[PDB]
């Protein structure tokens, strides 16, 4: 069978010949007890670059040893792309959210042999689930594999926005000291009100990391956390997002992209935030209306915005989030740290072994299975 695997390009300086450190820590399990991926073998050393074209997610020796073929490409856009030309023959398609091969209804129709679509990462909004359901395609993602990685990125970005890190760094490089210039927009985070949209694997990890900063914590969720958790973390529950954002100095978005969160932070909702609020979004770019965020930063309604997720991906050269004032953006990188790559690459192989050995894929990895939502 044919496996079609879309990855981002190598660094412009070539695939790395060395790394800054000798190894990465061993992660055995996630908070709550889900075990780390359990592939039978791996053909990489954790810490290597796996999600670029030369990395191949460590999959070629395994797949070709079984007689299957593996096509790796970064060329994913349009009908003339390698991805779309190779799609009609593929039993399995793999891509990462960071450089996503969108499986639209049209492409799924053309993918006559497609039976398994794997998200190397978390969040399968690039896959049209209705068409996958219609066509009996299994959709899997590597649940929890980089949730902690994102929670780290969130707190990092919150601190940098509030404490005005990046403009202060720039004064060093420019040859200046300029203390007053740095701190005329520098605050402590301590005792601010911080709220999260969703308290899932990322959102809860964010709340736990924020707690010892002595912030006043808020959250909005469809379902409440156990009261024992709310008490230990000092959480205030809000039954609507509007209610929460009214009182928050900082808001972090940690919910998946779906109809209920598409365009949720539009002009109206952002106008309900505190003036000078900070907004962080490492969830899915489209949960925030692109031009509304730009306008709120230009007016001062938002004091700062940061995240790693954009619409579309890759972001075009003229994307307005590149140049809006007071931002601390990165490209979509938090979920593909070298540490996270090791976990989602192991998980991708685990899923593939289960697929080819006719053993069940972990229930926690499954998004649709056997023609229905999991």
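Residue numbers count along the first chain shown, from 1.
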According to the deposited model, is the average Cα temperature factor higher in 252 to 260 or in 231 to 239?
231 to 239
Which of 69 to 77 and 196 to 204 has higher mean CA B factor, as the PDB entry lists it
69 to 77
Have a look at 152, 141, 128, 181 and flag the one whose Cα has the highest B-factor in the entry.
128
Using the entry's values, work out which of 309, 340, 27, 306 has the largest Cα B factor.
27
Relative C-alpha B-factor of residue 22, binned into the chain's lowest, middle or highest third
highest
Please place residue 12 in the lowest, middle or highest third of its chain by C-alpha B factor as given in the entry.
highest
Tertile call for residue 3 (CA temperature factor, within chain, third-based) is the middle
Chain-relative CA temperature factor third for residue 49
middle
Please place residue 368 in the lowest, middle or highest third of its chain by C-alpha B factor as given in the entry.
middle
